[PDB]
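Visitor: Provided hereafter are the protein sequence and its experimental coordinates.
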Amino acid sequence: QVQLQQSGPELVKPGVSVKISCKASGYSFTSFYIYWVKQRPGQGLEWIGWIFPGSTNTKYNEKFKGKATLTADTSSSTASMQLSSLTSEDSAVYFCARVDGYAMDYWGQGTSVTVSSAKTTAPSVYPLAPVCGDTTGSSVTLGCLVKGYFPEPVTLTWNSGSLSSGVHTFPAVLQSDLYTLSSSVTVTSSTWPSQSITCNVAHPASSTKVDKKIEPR
Amino acid sequence: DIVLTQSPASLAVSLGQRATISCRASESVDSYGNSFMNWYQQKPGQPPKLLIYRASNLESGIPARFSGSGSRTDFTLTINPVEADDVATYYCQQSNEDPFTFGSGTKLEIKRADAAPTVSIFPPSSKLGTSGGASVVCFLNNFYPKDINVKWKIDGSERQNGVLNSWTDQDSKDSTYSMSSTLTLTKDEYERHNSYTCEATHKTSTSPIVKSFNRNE
């Protein structure tokens, strides 16, 4: 089972280098090429360079030559990319891809790097119960508000992941150097508030795991 | 280095119909004998998935309905028939020489029957008041098409300052859109006024769906 496991999200200050790791499992690490691809948010794909885990052999894109350096450790079977002095135009999603000539077969999740020079802030979770008044019926919606956090992302979960079918998770939009994001779950009136529906919110930078039960107001 | 352009930039195709995607090249990638053109499918939040390599040869696990063709500079990808889970941005990449370049992007979207949004208004939580904030949330779930405008009204008068909007990507099953709007206000501004209405105009009906709540309860 061929897999590529990339590291988590990254928040960096301008003028600081960063290493991005890509763990490979399910195949012989030293026999296949590994290509690296950059993705500017809301834009296309950019090839950075390839690395052959066997021995020191790399070819880079001329646009990335003096910025990206590729290394691979054979013992840990991990491909690593260092990006020197990150700017505003470097805040992107970086991918690692396994290539068997001449197409990229397997991919990693992609590490979201944001630069970004702001302070890391704690998220605030708020439960959204239906409008005041003892029920309405048929099928009622529930919401979860995550107000004022930095940086991306926030993983939203409903009841640990059991009721994840009628869920609308909304992409985060930046306002005054702060991110805001919401999620809504639509369920039948028979299963609420008879069945306890909880909001599970996780944030990596602040290291906060706030769990809030939605109770009628 | 080798410019790859994709036409059209965006196409709308009904469920079960044929979609044509072109990929023009600035240099002949088919050099040496065979075409070195690859095709990818990328859903939002996910890495690109290889569909067809060398214009003709499909990757194992990819259905036969995904068909690619072309030689020299002109290349085409077709999906027949299309399904609900085909909502993605498709890319063509080239090997050959010399720094590897991706295409230009062509977003696929599905046309279906027009749907009316189920509007749900949510008052600020009791924990928001303690922190000093007041955010009124309004969810518009499962509607077609994407074109929709949300207008906030406080005590009969429109408010445009502090409105945060976010639109979701097309559903992988329903092929519908969803939107959320929030009035980022303070506790001081919230307690002065009483009525808060969430209004949305759509192509489905001339009358706007108005969902409102009173603080008086």
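Guide: Sure, I can see it. Numbering: from 1, shown residues only, chains lettered A, B, ... in the order given.
Visitor: and residue A:80, how many residues sit next to it?
Guide: 18 (other CB atoms under 10 Å in any protein chain shown). In this view, the C-beta of every residue, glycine as well, is placed from N, C-alpha and C.
Visitor: May I see the domains of chain B written out as residue ranges?
Guide: What automatic domain parsing lists as the domains of chain B is B:4-111, B:118-214.
Visitor: and residue A:127, which of those domains is closest to it?
Guide: Set against residue A:127 and scored by CB to CB, the domains of chain B come closest in domain B:118-214, at 5.6 Å.
Visitor: what about the closest one and chain A, touching?
Guide: Yes. Under the criterion of CB under 8 Å from any CB of the partner chain, chain A is reached by domain B:118-214 at B:118, B:120-128, B:131, B:133, B:135, B:137, B:139, B:141, B:164-168, B:178, B:180, B:182, B:184, B:213.
Visitor: Can you turn the buried part of the residues you listed into a PyMOL selection?
Guide: Listed next is the PyMOL selection for buried residues among the residues of domain B:118-214 next to chain A, using 16 or more other CB atoms under 10 Å in any protein chain shown:
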select buried, chain B and resi 118+120+121+122+123+124+125+128+133+135+137+139+141+164+166+168+178+180+182+184+213
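Visitor: From the residues of domain B:118-214 next to chain A, which land in helices?
Guide: Under the assignment DSSP state H, the residues of domain B:118-214 next to chain A contribute B:126-128, B:131 to helices.
Visitor: Could you let me know which of the residues you listed ends up closest to residue B:154?
Guide: The closest of these, once distances to residue B:154 are taken by CB to CB, is residue B:128, at 16.5 Å.
Visitor: which residues in chain B form helices?
Guide: Counting by DSSP H, the helices of chain B are B:126-131, B:187-190.
Visitor: okay if I get those as TSV plus distance to residue A:3?
Guide: Formatted as TSV, those follow (distance: least, CB to CB, whole Å):
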stretch	distance to residue A:3
helix B:126-131	41
helix B:187-190	49
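Visitor: Closest to the centroid, which residue in chain B?
Guide: The centroid of chain B falls nearest to residue B:169 when counting by CA atoms, centre = their mean (3.3 Å).
Visitor: Tell me who's in contact with the residue sitting furthest away from the middle of chain B.
Guide: Here chain B reaches farthest from its C-alpha mean at residue B:32, the gap being 39.3 Å by CA atoms, centre = their mean. The contact partners of residue B:32, by CB atoms under 8 Å, 6 or more residues apart in numbering or on different chains, come to residue B:96.
Visitor: Relative to chain A, how far out is it?
Guide: Between residue B:32 and chain A the distance is 11 Å, computed by CB to the nearest CB, to the nearest Å.
Visitor: Tell me which residue lies farthest from the centre of chain A.
Guide: Ranked by distance from the centre of chain A (CA atoms, centre = their mean), the top residue is residue A:134, with 38.9 Å.
Visitor: Using the three-state scheme, assign that one.
Guide: Secondary structure assignment for residue A:134 (DSSP: H, G, I helix; E, B strand; the rest coil): coil.
Visitor: quick one, domains of chain A?
Guide: A:3-114, A:124-213.
Visitor: how long is the longest one from one end to the other?
Guide: Domain A:3-114 has an end-to-end distance of 25 Å (CA to CA, to the nearest Å).
Visitor: ok, is it in contact with chain B or not?
Guide: Yes. Against chain B, domain A:3-114 shows contacts by CB under 8 Å from any CB at A:35, A:37, A:43-47, A:61-62, A:95, A:97, A:101-105, A:107-110.
Visitor: Can you list which of those residues are found in strands?
Guide: Using DSSP state E, the subset of those located in strands is A:35, A:37, A:45-47, A:95, A:97, A:103-105, A:107.
Visitor: Now the two most distant members of those residues.
Guide: Spanning the widest gap among these are A:46 and A:105, at 19.2 Å by CB to CB.
Visitor: So for the two, which sits in the more crowded spot?
Guide: Between residue A:46 and residue A:105, counted using other CB under 10 Å, residue A:46 has the larger neighbour count: 20 against 16.
Visitor: Touching, the more buried one and residue A:61? I think so.
Guide: Yes. Residue A:46 is in contact with residue A:61 according to CB atoms under 8 Å; the separation is 7.5 Å.
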